Every structure is written in C-alpha cells, then in structure tokens.
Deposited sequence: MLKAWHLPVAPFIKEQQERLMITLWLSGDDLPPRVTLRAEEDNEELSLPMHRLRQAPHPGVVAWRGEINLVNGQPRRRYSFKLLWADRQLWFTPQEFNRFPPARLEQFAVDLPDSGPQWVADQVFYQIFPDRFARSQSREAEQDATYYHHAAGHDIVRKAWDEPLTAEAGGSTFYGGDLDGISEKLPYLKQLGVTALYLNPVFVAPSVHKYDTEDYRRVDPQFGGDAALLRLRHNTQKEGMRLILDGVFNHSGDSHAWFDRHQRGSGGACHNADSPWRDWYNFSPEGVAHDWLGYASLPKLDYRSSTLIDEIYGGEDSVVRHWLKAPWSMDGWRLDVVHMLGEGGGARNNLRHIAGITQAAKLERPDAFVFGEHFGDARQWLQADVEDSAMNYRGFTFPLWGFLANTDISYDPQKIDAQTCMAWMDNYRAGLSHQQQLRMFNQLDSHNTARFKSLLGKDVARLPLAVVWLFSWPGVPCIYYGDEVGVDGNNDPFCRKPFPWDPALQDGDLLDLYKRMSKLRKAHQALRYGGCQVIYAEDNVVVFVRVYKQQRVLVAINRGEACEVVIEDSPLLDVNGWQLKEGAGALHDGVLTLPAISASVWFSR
C-alpha cells in the first residue's frame, strides 16, 4: 500500500468557501472507503471522500473531500482514515499510523493565513554589529566586568580574555555601507544582535531600551539603516531582550548611578519589577518579574511600550527576535511564560499587522508554536541540531552523535509534523549563530561536508539565515571565538563557498517550490537523503550524500512524474530512476 499527500497544490485547492483535499493511493488492496478526518472547533469530523474517475498518475487512485471554511478556527487540521471491511489505517504527515495520530501532528493549513506572509520570500543575514564592518567616518569602565573596556584593531586575533568587553568597533553605518555586498549575496532581510544602550560588547545587558548605543552610531545611525534597507527593499529585525534587563539599567542600577534604582531602594518605583534572581546565576542580568502589571505595560501592554515603540514610525522595524523567549515570566522563573510571549506578539501585530515575531529556542518549541504565541522559532530542534548530528557528529552539548539518514529525517519530519504548512515555511533555519560554535569548525575533519549544509539550508522548508561571515568561510569555537571580525580582504575569503551561497539564493528566488512548497522525503538511508519540494506543477529535487560515491535507486513516485529534470547545482545525475551521486555532494534539480 502506498499513499501521498502534501498540504499544498496540487493536493489542496481553495474554491469559494471550501477547502478541497485530495489523497493519492496505490497498491493491491485499496480501501473501498476513505474518510477525511478534519477538525472544526476542536470537534472531530468524519467527512466522506469520493473516488475520482481520472487517475492523476499511472497506477494511482485519487480520493477527494472538502473542508467547509465558513466555520471553524483558521488552522485546519486533518488526516486520512482508510477503511476496509475489517480494519482501518491512518495516513499522516508521518506516513501510515496503525493507531490514531496525535491531534497536533496531523496535516494542517492556516486559512485564512494571518501570519507574516513575507517571511517565506526572504533570505536572512544575522549581524553581530561590533564585528561586521566599520563605517568610513568610524573607552569607559564596565562595572559588571572588573575592568575598563579593551579596544582592538581589526586584524588582532580574538582571545578568550575580556570577551564581553573587547570592541573591534563595527557600527550601523558600516552595515549601510555594506548593503551592496549583502544584496549581491542575495540577502533581503537583516537580523541584528542587540543595538540598544548597554555597556557590554554584545549588549544583552540592556541599560536603556529607548536609545541606540553610541558605540554603534546611535539613534541616527539606526534611522539611516532603516532608511537604506527600506530603499533596498530589505527587512530589518532587532534583538528583543525582555526576559531580563542589564544591572546598569536605570530600573535596577547596581552601581548607584541614580537614587531610585530597584537594586538599592526598597521604595524604588521598580522594586516589584525584580525579585529579591537573574538569568541562570549571572549578576549582570537581573530577571524581570512579569507579575507586576506596570512592567507588563512598559514592555508590551502600553501604547508606547518597548515592543511597539520600535515598530511604529520613525523606526518601523519589521519585527523582533526574542532572546531567552522560553524563560520569560513571573516570580523569578517561567511562570505564565506562554501568556506573556503571546502578549508581546499580540502587541507587535497591533502596531504592525505583518510584524515578524520569533523566539530563540535551543530546545523543543512545539508548545509555543502550537499555541500561536509566536510566528516562528530559530529552528535548532527542527533543523540545526539534526544537521549537527548527521553531518558533524555532535550536538548542543558537544556530546558525540552517530545518526544515519533514517534517524535524521525521522527527527526532522517528526518536528515539522507538529506545525502547519504556513508555520513550516517561516521557521527560522540556520547552521550557527552568536551563541554557538561556527558550523564550519564543528565539522572538524569533515569540513568538506559544509557545502551540503548550505544547499540544505536553502531547500528545506523554512526561511534561511546566514550568520555573518559564514558565507566566506569564517570559523571559530563558541563564544567569544564565534564572533571573529568579518574578513573583507578577499584573500582571506573562501570565494567558492561565497558563490555557492549566491547561487542558492538565486535558485530560491527563482523557484516557487523552494519558498511555498510542501516537502516529501523520498529516500533516507545511511549517507543519503533525497527529498522533493512540491508546488502546483513544479518540483524541486534535492539529493544529499555525506559519504563516499554511490548509486541509489529511486522507485517510481507519482511526485517525480514530470517531463524531465534540469540539473541546477551539484554534480549528481539522475537517469531511469538511478541517482548517481559523487562523494560528499549535494545536488538540486528542477522539473521541465
């Protein structure tokens, strides 16, 4: 028995106020009945399906039913109940199921889709401002550190000493001046590490949420960057650090810069915004207690709360990346975390309907996402760590990892199963960031697998994000060594890798299936993954081989039943259902 369904055309079709669902079957003992199990206001429905007279592909039977769109919540969950005289069988995002699937792991499609529909069209670039680029025009005491800040020149090797107080001096006009490079790279969107006033070099120790830090060029340099990105048709996302403030913030004020700080005044106007508690034992980052209704008003509840402030004119940012999104809450811990993250997102959409709000989740984010308290997550669990395992033999803890393609794809498809198709397309996929080792370093001896990850990064459902300098081969161990200054000297740049990034953003820009398509894994065994993106009549086929050269047979699939295959990247070759794959390669084909 075989089945196929993806939550996208040609399997679904919205028509007037109905959602038509089509299922494909093939095999020797087909169910005489099939029920469309679909949810309407959490109530499970048994919707009849009827056989289509016309076979869509050789040897394949189509069944068709409809969901009524006039009622029910926007998220349409559904799966397929196959019925014989004596037994049943479920068809799900995770293949066949002998017992009923989890309600929250069915196919799902958001109609109407109220999410940020622009995210799927983007290519994101993450910038640690101090380390990217100095503008052409181009010291104090760090109280949380034990010393004055250190200023190095752009060519000085990074060291472990005073990592959080060493400034190489990149700024926001330097990003503006580098916009032509980013457009050449294919970037359409920037995510910036924190830029607000804060004594550290990374600036997650926020002192003033209302003012850009002078060291990066100040308010005027951020306004300019907003003007220039808008002019280049580029999106801008700022780092939203709301779980905790900095201890030099006027609200807390460990160092007595004022007289009303909460750290040294039981009568402080902000005494209740704190607990007398931080972010895992770090005295420079006192945690904010969202039990206080005035704190809620200051961060998101109020009209000029911080979340909304940087979203309305003149700042008009396109959204927020939420630092430590999972621990934010009341009473010193995560109590009522979900409610508050929803509040933040809700306030953002109030100020800007298409605001993109996504959270940093190193863990399993499905509960946040499955309750719509945010649009997306930095997809470490659904994308990054599977690749660290399959390609790099390691994980978040730098514990060894021995997973084959079956496990890797079970892992990846299991995670997506909890997500609607619209959610899957705007998941924030990346290979590393300011918080991790450079993926290139993590490969160790298998660094030649790095182009494979780059191709995968652009073809797996979700929006891709480059950590600055990945494109030119920057490496380094974890924080502080993953924040090397960007090498603008092309002699210190991997030009081939740079061109791979450039072409992948071109493929993605060229082909709707890489931006809007469903995704069906087609072969996953040992060293070889093969999946296809699928959208209307177009198909994009992707074949990844992490090991020695090999040949792999590809059974006839009605998904792969096209005119022909145009090779667009990589050295693989497909002929008569035979994939010839060179060692350590990735290939992409379009359908003709």
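Counting from residue 1 of the deposited sequence, the stretches lacking C-alpha coordinates in this chain are 1, 140 to 145, 284 to 289.
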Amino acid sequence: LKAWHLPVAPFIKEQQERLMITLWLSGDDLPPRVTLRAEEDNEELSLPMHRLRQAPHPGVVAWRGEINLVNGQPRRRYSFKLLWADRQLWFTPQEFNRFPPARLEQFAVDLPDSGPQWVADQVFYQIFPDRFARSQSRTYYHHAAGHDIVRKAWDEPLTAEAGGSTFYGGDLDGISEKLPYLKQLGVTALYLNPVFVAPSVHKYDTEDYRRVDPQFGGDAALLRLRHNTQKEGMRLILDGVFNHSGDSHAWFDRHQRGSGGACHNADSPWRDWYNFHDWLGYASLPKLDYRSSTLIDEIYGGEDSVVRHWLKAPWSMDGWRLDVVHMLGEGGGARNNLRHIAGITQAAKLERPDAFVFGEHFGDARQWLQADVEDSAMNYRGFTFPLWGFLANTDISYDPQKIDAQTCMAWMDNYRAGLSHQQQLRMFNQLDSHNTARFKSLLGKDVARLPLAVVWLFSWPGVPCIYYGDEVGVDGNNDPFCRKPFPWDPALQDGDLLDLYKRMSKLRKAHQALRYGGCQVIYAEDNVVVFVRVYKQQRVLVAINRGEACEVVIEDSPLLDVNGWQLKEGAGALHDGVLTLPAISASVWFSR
From here on, numbers count along this sequence of modelled residues.
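Relative to one another, 458 to 466 and 265 to 273 have unequal mean CA B-factors, and 265 to 273 is the one with the higher figure. Averaged over Cα atoms, the B-factor as recorded in the entry is higher for 145 to 153 than for the other of 145 to 153 and 321 to 329. When the C-alpha B factors of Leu52, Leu36, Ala524, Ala543 are read from the deposited coordinates, the top value falls at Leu52. Among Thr407, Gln370, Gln136, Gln424, the highest C-alpha B-factor in the deposited entry belongs to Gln136. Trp315: CA B factor in the middle third of modelled residues in this chain (values from the PDB entry).
Placement of the Cα temperature factor of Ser200 within the chain: highest third of the modelled residues, per the deposited record. Annotation for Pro93: C-alpha temperature factor in the lowest third relative to the rest of the modelled chain, per the entry. When the modelled residues of the chain are ordered by their C-alpha B factor, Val70 lands in the highest third.
Annotation for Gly517: C-alpha temperature factor in the lowest third relative to the rest of the modelled chain, per the entry.
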